[PDB]
file data.txt (compact mmCIF, C-alpha atoms and all ligand atoms)
# COMPACT_ATOMS: atom_id res chain seq x y z
CA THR A 1 82.73 104.77 138.61
CA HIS A 2 80.41 105.14 141.62
CA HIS A 3 83.31 104.99 144.07
CA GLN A 4 85.42 106.95 141.57
CA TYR A 5 83.09 109.96 141.57
CA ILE A 6 82.73 109.82 145.36
CA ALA A 7 86.53 109.68 145.61
CA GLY A 8 86.73 112.94 143.69
CA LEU A 9 84.01 114.34 145.95
CA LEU A 10 85.88 113.50 149.17
CA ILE A 11 89.05 115.04 147.71
CA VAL A 12 87.26 118.33 147.01
CA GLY A 13 85.58 118.32 150.41
CA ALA A 14 88.95 117.86 152.09
CA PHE A 15 90.52 120.74 150.15
CA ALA A 16 87.52 123.06 150.56
CA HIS A 17 87.59 122.63 154.34
CA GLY A 18 91.35 123.08 154.20
CA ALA A 19 90.72 126.51 152.68
CA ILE A 20 88.18 127.23 155.43
CA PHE A 21 90.83 126.17 157.95
CA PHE A 22 93.25 128.71 156.48
CA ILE A 23 90.62 131.47 156.62
CA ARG A 24 88.85 131.00 159.95
CA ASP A 25 91.45 129.05 161.97
CA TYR A 26 94.98 129.90 160.77
CA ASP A 27 97.21 132.28 162.73
CA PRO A 28 100.66 133.39 161.50
CA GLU A 29 101.60 134.59 165.00
CA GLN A 30 101.64 131.06 166.47
CA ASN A 31 102.78 128.77 163.64
CA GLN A 32 105.74 131.03 162.84
CA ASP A 33 109.27 129.62 162.29
CA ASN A 34 108.09 126.19 161.07
CA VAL A 35 107.68 124.89 157.51
CA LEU A 36 103.92 125.55 157.24
CA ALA A 37 104.26 129.32 157.65
CA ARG A 38 107.36 129.25 155.44
CA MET A 39 105.19 127.89 152.60
CA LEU A 40 102.99 130.93 152.01
CA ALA A 41 105.93 133.32 152.33
CA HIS A 42 107.25 131.90 149.03
CA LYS A 43 104.27 129.90 147.72
CA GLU A 44 104.28 131.88 144.46
CA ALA A 45 107.18 129.70 143.28
CA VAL A 46 105.07 126.58 143.87
CA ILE A 47 102.11 128.02 141.94
CA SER A 48 104.48 128.83 139.07
CA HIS A 49 105.73 125.24 138.76
CA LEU A 50 102.16 123.89 138.87
CA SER A 51 101.02 126.28 136.14
CA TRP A 52 104.00 125.23 134.01
CA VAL A 53 103.05 121.55 134.36
CA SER A 54 99.44 122.30 133.41
CA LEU A 55 100.61 124.01 130.22
CA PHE A 56 103.25 121.39 129.35
CA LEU A 57 100.98 118.35 129.59
CA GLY A 58 98.46 120.20 127.42
CA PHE A 59 100.51 121.40 124.45
CA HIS A 60 101.73 117.81 123.96
CA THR A 61 98.80 115.56 124.91
CA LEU A 62 96.20 117.53 122.95
CA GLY A 63 98.80 118.52 120.36
CA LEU A 64 99.49 114.84 119.75
CA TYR A 65 95.73 114.27 119.58
CA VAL A 66 95.27 116.96 116.92
CA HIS A 67 98.12 115.48 114.87
CA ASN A 68 96.57 112.03 115.20
CA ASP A 69 93.18 113.19 113.92
CA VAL A 70 94.59 115.35 111.12
CA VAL A 71 97.00 112.76 109.73
CA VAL A 72 94.43 109.95 110.01
CA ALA A 73 91.92 112.13 108.15
CA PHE A 74 94.46 112.59 105.33
CA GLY A 75 94.49 108.82 104.81
CA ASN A 76 97.88 108.22 106.46
CA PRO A 77 97.54 106.45 109.83
CA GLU A 78 101.17 105.32 109.46
CA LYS A 79 102.55 108.87 109.23
CA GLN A 80 100.91 109.46 112.62
CA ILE A 81 103.51 110.02 115.33
CA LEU A 82 102.59 106.97 117.38
CA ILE A 83 103.62 106.55 121.00
CA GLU A 84 104.60 103.54 123.10
CA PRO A 85 104.58 103.69 126.94
CA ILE A 86 107.56 101.39 127.47
CA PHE A 87 107.31 102.26 131.17
CA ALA A 88 103.80 100.79 131.25
CA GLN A 89 105.01 97.87 129.12
CA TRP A 90 107.58 97.14 131.83
CA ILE A 91 104.68 96.36 134.18
CA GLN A 92 103.85 93.42 131.91
CA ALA A 93 107.47 92.27 132.13
CA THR A 94 107.18 92.21 135.94
CA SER A 95 104.50 89.49 135.60
CA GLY A 96 107.13 86.72 135.47
CA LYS A 97 107.27 86.12 131.71
CA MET A 98 110.41 84.08 131.01
CA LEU A 99 110.39 84.50 127.20
CA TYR A 100 111.20 88.23 127.05
CA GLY A 101 114.99 88.06 127.21
CA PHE A 102 116.07 91.71 127.45
CA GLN A 103 117.25 91.92 131.08
CA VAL A 104 113.91 92.91 132.60
CA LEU A 105 112.52 92.06 136.03
CA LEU A 106 111.15 88.52 136.43
CA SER A 107 112.42 87.54 132.96
CA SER A 108 114.48 84.57 134.23
CA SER A 109 113.56 82.07 136.93
CA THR A 110 117.24 81.67 137.91
CA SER A 111 117.82 85.22 139.17
CA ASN A 112 118.14 85.25 142.95
CA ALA A 113 115.75 88.21 143.07
CA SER A 114 113.26 86.06 141.17
CA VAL A 115 114.25 82.91 143.08
CA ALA A 116 113.56 84.77 146.33
CA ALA A 117 110.01 84.00 147.49
CA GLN A 118 108.93 82.16 144.32
CA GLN A 119 108.37 78.91 146.23
CA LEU A 120 104.60 79.04 146.86
CA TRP A 121 102.49 81.80 145.28
CA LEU A 122 104.47 82.66 142.13
CA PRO A 123 103.25 79.52 140.22
CA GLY A 124 99.73 80.94 140.33
CA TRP A 125 100.98 84.44 139.50
CA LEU A 126 102.61 83.55 136.17
CA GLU A 127 99.66 81.33 135.21
CA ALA A 128 97.13 84.08 135.99
CA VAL A 129 98.73 86.93 134.02
CA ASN A 130 99.68 85.02 130.84
CA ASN A 131 96.10 85.14 129.52
CA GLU A 132 94.06 87.38 127.22
CA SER A 133 90.79 86.49 128.98
CA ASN A 134 91.39 88.00 132.44
CA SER A 135 91.87 91.61 133.54
CA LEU A 136 95.09 91.10 135.55
CA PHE A 137 97.43 93.69 134.01
CA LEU A 138 96.03 94.18 130.50
CA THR A 139 98.03 95.05 127.40
CA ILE A 140 99.19 98.67 127.20
CA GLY A 141 100.02 100.71 124.11
CA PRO A 142 99.43 104.04 122.35
CA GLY A 143 95.68 104.53 122.83
CA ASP A 144 96.47 103.41 126.37
CA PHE A 145 99.36 105.84 126.96
CA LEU A 146 97.97 109.06 125.51
CA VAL A 147 94.94 108.86 127.80
CA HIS A 148 97.21 108.41 130.82
CA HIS A 149 99.08 111.46 129.56
CA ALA A 150 95.72 113.25 129.41
CA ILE A 151 94.77 112.02 132.89
CA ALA A 152 98.05 113.41 134.23
CA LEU A 153 97.27 116.70 132.47
CA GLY A 154 93.78 117.04 133.92
CA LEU A 155 94.74 115.83 137.40
CA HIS A 156 97.75 118.14 137.73
CA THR A 157 95.65 121.08 136.54
CA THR A 158 92.95 120.11 139.04
CA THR A 159 95.59 119.88 141.78
CA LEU A 160 96.79 123.44 141.13
CA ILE A 161 93.21 124.77 141.09
CA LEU A 162 92.40 123.05 144.39
CA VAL A 163 95.58 124.29 146.11
CA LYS A 164 95.78 127.94 145.03
CA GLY A 165 92.21 128.63 146.15
CA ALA A 166 93.26 127.70 149.69
CA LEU A 167 96.60 129.52 149.45
CA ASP A 168 95.25 132.91 148.31
CA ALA A 169 92.38 132.68 150.81
CA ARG A 170 93.46 135.27 153.39
CA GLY A 171 94.55 137.73 150.72
CA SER A 172 96.21 138.31 147.37
CA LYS A 173 97.54 141.24 145.38
CA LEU A 174 94.12 141.80 143.82
CA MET A 175 92.55 141.68 147.31
CA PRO A 176 94.63 141.36 150.51
CA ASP A 177 91.61 141.87 152.81
CA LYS A 178 90.08 138.56 151.67
CA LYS A 179 90.57 137.33 155.24
CA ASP A 180 88.32 140.18 156.47
CA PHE A 181 85.20 138.41 155.18
CA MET B 1 52.21 171.87 145.47
CA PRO B 2 52.28 172.22 141.66
CA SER B 3 54.16 169.16 140.39
CA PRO B 4 55.16 167.97 136.90
CA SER B 5 52.52 165.92 135.10
CA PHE B 6 53.44 162.41 133.94
CA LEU B 7 51.51 159.75 132.03
CA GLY B 8 52.14 156.02 131.75
CA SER B 9 51.05 154.80 135.23
CA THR B 10 53.56 152.15 136.50
CA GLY B 11 54.77 154.28 139.41
CA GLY B 12 51.47 155.07 141.12
CA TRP B 13 48.81 152.95 142.81
CA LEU B 14 51.25 150.34 144.14
CA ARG B 15 50.34 148.66 147.42
CA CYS B 16 54.00 148.21 148.32
CA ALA B 17 54.57 151.94 147.88
CA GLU B 18 51.66 152.61 150.25
CA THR B 19 52.81 150.18 152.96
CA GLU B 20 56.50 151.09 152.56
CA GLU B 21 58.17 154.41 153.35
CA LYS B 22 58.16 156.92 150.49
CA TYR B 23 60.55 159.71 149.49
CA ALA B 24 59.60 163.31 148.70
CA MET B 25 61.94 165.67 146.84
CA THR B 26 61.67 169.30 145.77
CA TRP B 27 63.51 171.81 143.60
CA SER B 28 63.39 175.57 143.08
CA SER B 29 62.62 175.60 139.32
CA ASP B 30 62.77 179.32 138.64
CA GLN B 31 61.83 178.78 134.98
CA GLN B 32 59.56 176.48 133.00
CA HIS B 33 61.64 173.56 131.73
CA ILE B 34 61.29 169.96 130.59
CA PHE B 35 63.13 167.08 132.27
CA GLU B 36 63.09 163.29 132.60
CA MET B 37 62.18 161.18 135.60
CA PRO B 38 64.72 158.53 136.67
CA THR B 39 61.96 155.94 136.07
CA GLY B 40 59.74 157.67 133.48
CA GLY B 41 59.84 159.36 130.11
CA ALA B 42 59.64 163.15 129.82
CA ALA B 43 57.64 165.74 131.75
CA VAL B 44 57.41 169.52 131.97
CA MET B 45 58.82 171.18 135.10
CA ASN B 46 56.60 173.95 136.46
CA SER B 47 57.62 177.06 138.39
CA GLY B 48 58.09 176.95 142.14
CA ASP B 49 58.80 173.92 144.28
CA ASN B 50 57.58 170.54 143.04
CA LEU B 51 56.79 167.54 145.25
CA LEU B 52 56.91 163.99 143.87
CA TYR B 53 56.74 160.44 145.21
CA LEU B 54 59.67 158.02 145.06
CA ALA B 55 59.92 154.40 146.20
CA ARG B 56 63.72 154.04 146.36
CA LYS B 57 66.52 156.02 147.98
CA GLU B 58 68.89 155.76 145.02
CA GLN B 59 66.03 157.14 142.93
CA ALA B 60 65.85 160.04 145.40
CA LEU B 61 69.56 160.91 145.09
CA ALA B 62 70.14 160.35 141.36
CA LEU B 63 67.50 162.97 140.52
CA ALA B 64 69.30 165.50 142.73
CA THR B 65 72.61 164.63 141.06
CA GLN B 66 70.99 165.12 137.65
CA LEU B 67 69.47 168.47 138.66
CA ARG B 68 72.78 169.85 139.96
CA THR B 69 74.41 169.30 136.55
CA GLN B 70 71.75 171.30 134.67
CA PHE B 71 71.57 174.62 136.52
CA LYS B 72 72.76 175.69 139.97
CA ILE B 73 69.90 175.00 142.41
CA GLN B 74 69.90 173.88 146.03
CA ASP B 75 68.13 170.54 146.49
CA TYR B 76 65.94 169.34 149.36
CA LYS B 77 64.91 165.72 149.91
CA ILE B 78 62.80 164.55 152.86
CA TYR B 79 62.51 160.88 153.84
CA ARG B 80 59.29 159.74 155.53
CA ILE B 81 58.86 156.72 157.79
CA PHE B 82 56.11 154.05 157.57
CA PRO B 83 53.55 155.58 160.01
CA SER B 84 53.80 159.35 159.49
CA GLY B 85 57.25 160.19 160.81
CA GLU B 86 58.88 162.75 158.50
CA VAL B 87 62.61 163.24 159.09
CA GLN B 88 65.18 165.32 157.20
CA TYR B 89 67.77 162.71 156.27
CA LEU B 90 69.10 164.56 153.20
CA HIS B 91 71.26 167.53 154.20
CA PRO B 92 70.77 167.32 157.98
CA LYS B 93 73.69 169.76 158.12
CA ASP B 94 72.17 171.82 155.25
CA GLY B 95 75.74 171.86 153.90
CA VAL B 96 76.62 169.87 150.79
CA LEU B 97 78.19 166.57 151.79
CA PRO B 98 81.33 166.71 149.56
CA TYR B 99 82.09 170.26 150.67
CA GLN B 100 83.48 170.89 154.14
CA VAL B 101 81.13 171.60 157.05
CA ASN B 102 81.54 172.80 160.63
CA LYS B 103 79.26 170.20 162.28
CA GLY B 104 81.67 167.26 162.34
CA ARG B 105 81.39 163.82 163.91
CA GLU B 106 82.51 160.22 163.42
CA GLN B 107 80.22 157.19 163.08
CA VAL B 108 81.50 153.59 162.92
CA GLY B 109 85.17 154.40 162.47
CA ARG B 110 87.99 151.95 163.19
CA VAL B 111 91.47 153.49 163.23
CA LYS B 112 93.65 150.39 162.90
CA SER B 113 95.93 148.71 160.36
CA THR B 114 94.92 148.06 156.75
CA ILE B 115 95.40 144.30 156.26
CA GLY B 116 92.62 143.59 158.75
CA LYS B 117 92.02 143.48 162.50
CA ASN B 118 88.23 143.83 162.32
CA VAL B 119 87.71 144.31 166.07
CA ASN B 120 86.60 147.84 166.93
CA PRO B 121 88.21 149.39 170.04
CA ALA B 122 85.33 151.86 170.49
CA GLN B 123 82.04 152.34 168.66
CA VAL B 124 81.65 155.95 169.85
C1 LIG C 1 95.72 121.87 150.92
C2 LIG C 1 95.26 121.89 152.35
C3 LIG C 1 95.34 120.84 153.16
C4 LIG C 1 95.26 119.46 152.63
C5 LIG C 1 96.46 118.75 152.06
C6 LIG C 1 96.48 117.39 151.52
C7 LIG C 1 95.33 116.47 151.79
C8 LIG C 1 97.51 116.94 150.78
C9 LIG C 1 97.66 115.65 150.19
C10 LIG C 1 98.07 114.66 149.41
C11 LIG C 1 97.98 113.23 149.05
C12 LIG C 1 96.64 112.63 148.77
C13 LIG C 1 99.10 112.48 148.97
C14 LIG C 1 99.18 111.21 148.67
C15 LIG C 1 100.32 110.51 148.75
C16 LIG C 1 101.15 109.34 148.66
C17 LIG C 1 102.49 109.48 148.82
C18 LIG C 1 103.06 110.84 149.09
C19 LIG C 1 103.36 108.36 148.75
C20 LIG C 1 104.45 107.86 148.56
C21 LIG C 1 105.72 107.25 148.38
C22 LIG C 1 106.47 106.20 147.71
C23 LIG C 1 107.89 106.45 147.32
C24 LIG C 1 105.85 104.92 147.42
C25 LIG C 1 106.49 103.78 147.21
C26 LIG C 1 105.76 102.52 146.92
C27 LIG C 1 105.52 101.67 147.92
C28 LIG C 1 105.58 102.12 149.35
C29 LIG C 1 105.18 100.22 147.64
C30 LIG C 1 104.47 100.03 146.31
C31 LIG C 1 105.25 100.75 145.22
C32 LIG C 1 105.33 102.25 145.49
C33 LIG C 1 106.37 102.87 144.56
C34 LIG C 1 103.97 102.89 145.27
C35 LIG C 1 95.50 121.05 154.67
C36 LIG C 1 94.16 120.81 155.36
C37 LIG C 1 96.55 120.09 155.21
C38 LIG C 1 96.01 122.46 154.93
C39 LIG C 1 95.17 123.54 154.26
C40 LIG C 1 94.67 123.18 152.86

call {"tool": "encode", "arguments": {"input": "data.txt", "output": "structure tokens"}}
result
Amino acid sequence: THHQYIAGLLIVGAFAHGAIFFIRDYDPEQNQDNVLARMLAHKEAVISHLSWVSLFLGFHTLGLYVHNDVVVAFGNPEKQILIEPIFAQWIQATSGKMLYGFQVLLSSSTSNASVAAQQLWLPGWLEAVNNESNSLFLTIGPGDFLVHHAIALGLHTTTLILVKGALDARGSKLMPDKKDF
Amino acid sequence: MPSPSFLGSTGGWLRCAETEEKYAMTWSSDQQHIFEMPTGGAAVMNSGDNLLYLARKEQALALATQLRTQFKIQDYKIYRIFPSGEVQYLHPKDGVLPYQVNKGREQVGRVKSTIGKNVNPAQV
């Protein structure tokens, strides 16, 4: 979490100085005709998509959460609309397990894709992931998915907030002389 | 000069007011009236001109704005400097600022586009 918080810091520092670059160093007269100047001639469409994502991942992540709490409070945890991240379960299938049997990656040691480069280091791979005592690709399920859904929600919202502040830095409709300060 | 009497202290006997420039207003006051200071309660306005002390410029202009709405009286405000320099900063033209005057001039005026271009081609 130490390096995690400092990672978020460096991200914000990069984007803040990017906004300063657009204010004190950008010039539409020189960078014209490329793709960078073409961005902020139509950037409103990009801001629209990002706002839509921020609303979508909210009404469903937190909406699922409210359903979970309300139906568990009523004494029916089974009526709860549970969720299974089969995409994140596929990561566990990639670990070389040969007992799955539903045409997933690394489910059979005879497949040429699995046979390719399984001569030396794969024996340790399969032995290291087929354990409940290590932290090499843990089990993933509902309480594991819905938080990743929430992380996507918060991170996409954060992305929009960090980008639009640098986009509407020279001016906006509320204030087009923002560059004059 | 006969000035309205006010009680409550607060305004007077401030060191900062003594070391800082002070404002002095006046008004005709053809009739005995009762008004309110911008920083005090109520006080009776005596006949003839009345000189007061003010510590802020906005305080010196809001009182003139309030007097103009009551009755129709010309206002005079004089702004003194720290040592003893007394200059007429209010109505240097003696013509009301919103109304048109003959003595015209331009100070700090850039005549360029509206999005920006903050460079000034000429200060005077
Ligand atoms: C705003 C601003 C700025 C900044 C920006 C930025 C910083 C951005 C970013 C971003 C980011 C931060 C990104 C990231 C990324 C990544 C990517 C984009 C990738 C990719 C791809 C792929 C496809 C992959 C694949 C793979 C491989 C390779 C192997 C393994 C597996 C996988 C799948 C992963 C500037 C200053 C400029 C300007 C102004 C302001």

call {"tool": "residues_near_ligand", "arguments": {"input": "data.txt", "ligand": "ligand LIG 1 (chain C)", "cutoff": "6 Å", "atoms": "all atoms listed in the file", "output": "PyMOL selection string"}}
result
chain A and resi 15+18-19+22+163+166

call {"tool": "write_last_selection", "arguments": {"input": "data.txt", "atoms": "C-alpha atoms", "output": "PDB file, keeping the file's coordinate frame"}}
result
ATOM      1  CA  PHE A  15      90.520 120.740 150.150  1.00  0.00           C
ATOM      2  CA  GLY A  18      91.350 123.080 154.200  1.00  0.00           C
ATOM      3  CA  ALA A  19      90.720 126.510 152.680  1.00  0.00           C
ATOM      4  CA  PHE A  22      93.250 128.710 156.480  1.00  0.00           C
ATOM      5  CA  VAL A 163      95.580 124.290 146.110  1.00  0.00           C
ATOM      6  CA  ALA A 166      93.260 127.700 149.690  1.00  0.00           C
TER       7      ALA A 166
END

call {"tool": "closest_atom_pairs", "arguments": {"input": "data.txt", "of": "chain A", "to": "chain B", "cutoff": "10 Å", "atoms": "all atoms listed in the file", "output": "tab-separated table"}}
result
residue	atom	partner	partner_atom	distance
A:170	CA	B:115	CA	9.7
A:171	CA	B:115	CA	8.6
A:175	CA	B:115	CA	9.8
A:176	CA	B:115	CA	6.5
A:177	CA	B:115	CA	5.7
A:178	CA	B:116	CA	9.0
A:179	CA	B:116	CA	7.5
A:180	CA	B:116	CA	5.9
A:181	CA	B:118	CA	9.5

call {"tool": "residues_around", "arguments": {"input": "data.txt", "residues": "residue 80 of chain A", "least_positions_apart": "6", "cutoff": "10 Å", "atoms": "only C-alpha atoms", "output": "ChimeraX atom specification"}}
result
/A:64-65,67-72

call {"tool": "residues_near_point", "arguments": {"input": "data.txt", "point": "(57.0, 159.6, 142.1)", "cutoff": "10 Å", "atoms": "all atoms listed in the file", "output": "list in words"}}
result
residues 6, 10, 11, 12, 17, 22, 23, 24, 25, 37, 38, 39, 40, 51, 52, 53, 54, 55, 56, 59 and 60 of chain B

call {"tool": "residues_around", "arguments": {"input": "data.txt", "residues": "residue 44 of chain A", "least_positions_apart": "4", "cutoff": "10 Å", "atoms": "all atoms listed in the file", "output": "MDAnalysis selection string"}}
result
chainID A and resid 39:40 48:50 164 167:168

call {"tool": "residues_around", "arguments": {"input": "data.txt", "residues": "segment 95-107 of chain B", "least_positions_apart": "5", "cutoff": "10 Å", "atoms": "only C-alpha atoms", "output": "list in words"}}
result
residues 74, 75, 90, 123 and 124 of chain B

call {"tool": "residues_around", "arguments": {"input": "data.txt", "residues": "residue 92 of chain A", "least_positions_apart": "5", "cutoff": "12 Å", "atoms": "all atoms listed in the file", "output": "mmCIF file with C-alpha atoms, in the coordinates of the input"}}
result
data_model
loop_
_atom_site.group_PDB
_atom_site.id
_atom_site.type_symbol
_atom_site.label_atom_id
_atom_site.label_comp_id
_atom_site.auth_asym_id
_atom_site.auth_seq_id
_atom_site.Cartn_x
_atom_site.Cartn_y
_atom_site.Cartn_z
ATOM 1 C CA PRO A 85 104.580 103.690 126.940
ATOM 2 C CA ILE A 86 107.560 101.390 127.470
ATOM 3 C CA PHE A 87 107.310 102.260 131.170
ATOM 4 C CA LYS A 97 107.270 86.120 131.710
ATOM 5 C CA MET A 98 110.410 84.080 131.010
ATOM 6 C CA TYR A 100 111.200 88.230 127.050
ATOM 7 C CA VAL A 104 113.910 92.910 132.600
ATOM 8 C CA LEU A 105 112.520 92.060 136.030
ATOM 9 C CA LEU A 106 111.150 88.520 136.430
ATOM 10 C CA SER A 107 112.420 87.540 132.960
ATOM 11 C CA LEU A 126 102.610 83.550 136.170
ATOM 12 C CA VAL A 129 98.730 86.930 134.020
ATOM 13 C CA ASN A 130 99.680 85.020 130.840
ATOM 14 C CA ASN A 131 96.100 85.140 129.520
ATOM 15 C CA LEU A 136 95.090 91.100 135.550
ATOM 16 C CA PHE A 137 97.430 93.690 134.010
ATOM 17 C CA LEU A 138 96.030 94.180 130.500
ATOM 18 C CA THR A 139 98.030 95.050 127.400
ATOM 19 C CA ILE A 140 99.190 98.670 127.200
ATOM 20 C CA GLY A 141 100.020 100.710 124.110
#

call {"tool": "atom_distance", "arguments": {"input": "data.txt", "atom1": "atom CA of residue 88 of chain A", "atom2": "atom CA of residue 128 of chain A"}}
result
18.6 Å

call {"tool": "atom_distance", "arguments": {"input": "data.txt", "atom1": "atom CA of residue 69 of chain B", "atom2": "atom CA of residue 33 of chain B"}}
result
14.3 Å

call {"tool": "closest_residue", "arguments": {"input": "data.txt", "among": "B:113, B:32, B:66, B:19", "to": "residue 80 of chain B", "atoms": "all atoms listed in the file"}}
result
B:19

call {"tool": "residues_around", "arguments": {"input": "data.txt", "residues": "segment 153-162 of chain A", "least_positions_apart": "4", "cutoff": "9 Å", "atoms": "only C-alpha atoms", "output": "PyMOL selection string"}}
result
chain A and resi 12+15-16+47+50-51+53-58+61+148-149+166

call {"tool": "build_atoms", "arguments": {"input": "data.txt", "residues": "segment 68-84 of chain A", "atoms": "N, CA, C and O atoms", "output": "mmCIF file, keeping the file's coordinate frame"}}
result
data_model
loop_
_atom_site.group_PDB
_atom_site.id
_atom_site.type_symbol
_atom_site.label_atom_id
_atom_site.label_comp_id
_atom_site.auth_asym_id
_atom_site.auth_seq_id
_atom_site.Cartn_x
_atom_site.Cartn_y
_atom_site.Cartn_z
ATOM 1 N N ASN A 68 97.169 113.327 115.475
ATOM 2 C CA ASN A 68 96.570 112.030 115.200
ATOM 3 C C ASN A 68 95.349 112.167 114.301
ATOM 4 O O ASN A 68 95.266 111.534 113.244
ATOM 5 N N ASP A 69 94.399 113.020 114.697
ATOM 6 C CA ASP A 69 93.180 113.190 113.920
ATOM 7 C C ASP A 69 93.475 113.712 112.514
ATOM 8 O O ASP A 69 92.897 113.232 111.531
ATOM 9 N N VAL A 70 94.370 114.694 112.401
ATOM 10 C CA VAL A 70 94.590 115.350 111.120
ATOM 11 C C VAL A 70 95.306 114.427 110.144
ATOM 12 O O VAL A 70 94.992 114.399 108.947
ATOM 13 N N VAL A 71 96.265 113.643 110.633
ATOM 14 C CA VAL A 71 97.000 112.760 109.730
ATOM 15 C C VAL A 71 96.190 111.501 109.416
ATOM 16 O O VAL A 71 96.358 110.908 108.345
ATOM 17 N N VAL A 72 95.305 111.074 110.322
ATOM 18 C CA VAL A 72 94.430 109.950 110.010
ATOM 19 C C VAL A 72 93.356 110.377 109.016
ATOM 20 O O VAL A 72 92.958 109.595 108.143
ATOM 21 N N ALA A 73 92.890 111.624 109.112
ATOM 22 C CA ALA A 73 91.920 112.130 108.150
ATOM 23 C C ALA A 73 92.512 112.201 106.743
ATOM 24 O O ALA A 73 91.801 111.972 105.759
ATOM 25 N N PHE A 74 93.801 112.511 106.630
ATOM 26 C CA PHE A 74 94.460 112.590 105.330
ATOM 27 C C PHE A 74 94.738 111.227 104.717
ATOM 28 O O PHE A 74 95.368 111.160 103.656
ATOM 29 N N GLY A 75 94.287 110.146 105.349
ATOM 30 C CA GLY A 75 94.490 108.820 104.810
ATOM 31 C C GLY A 75 95.843 108.214 105.099
ATOM 32 O O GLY A 75 96.249 107.273 104.409
ATOM 33 N N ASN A 76 96.558 108.722 106.101
ATOM 34 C CA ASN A 76 97.880 108.220 106.460
ATOM 35 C C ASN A 76 97.931 107.955 107.963
ATOM 36 O O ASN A 76 98.458 108.766 108.736
ATOM 37 N N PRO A 77 97.384 106.821 108.412
ATOM 38 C CA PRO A 77 97.540 106.450 109.830
ATOM 39 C C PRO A 77 98.961 106.031 110.178
ATOM 40 O O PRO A 77 99.297 105.987 111.369
ATOM 41 N N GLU A 78 99.800 105.721 109.186
ATOM 42 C CA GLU A 78 101.170 105.320 109.460
ATOM 43 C C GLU A 78 102.089 106.517 109.671
ATOM 44 O O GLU A 78 103.057 106.427 110.435
ATOM 45 N N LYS A 79 101.801 107.639 109.005
ATOM 46 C CA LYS A 79 102.550 108.870 109.230
ATOM 47 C C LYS A 79 102.306 109.435 110.620
ATOM 48 O O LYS A 79 103.110 110.238 111.104
ATOM 49 N N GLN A 80 101.217 109.022 111.267
ATOM 50 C CA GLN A 80 100.910 109.460 112.620
ATOM 51 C C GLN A 80 102.074 109.192 113.558
ATOM 52 O O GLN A 80 102.661 108.107 113.542
ATOM 53 N N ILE A 81 102.422 110.190 114.369
ATOM 54 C CA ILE A 81 103.510 110.020 115.330
ATOM 55 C C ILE A 81 102.975 109.182 116.488
ATOM 56 O O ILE A 81 102.437 109.705 117.472
ATOM 57 N N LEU A 82 103.101 107.867 116.358
ATOM 58 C CA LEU A 82 102.590 106.970 117.380
ATOM 59 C C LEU A 82 103.473 107.024 118.618
ATOM 60 O O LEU A 82 104.589 107.548 118.604
ATOM 61 N N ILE A 83 102.954 106.473 119.705
ATOM 62 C CA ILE A 83 103.620 106.550 121.000
ATOM 63 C C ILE A 83 103.514 105.197 121.677
ATOM 64 O O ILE A 83 102.510 104.491 121.530
ATOM 65 N N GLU A 84 104.559 104.822 122.402
ATOM 66 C CA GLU A 84 104.600 103.540 123.100
ATOM 67 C C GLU A 84 105.063 103.765 124.530
ATOM 68 O O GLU A 84 106.222 104.177 124.746
#
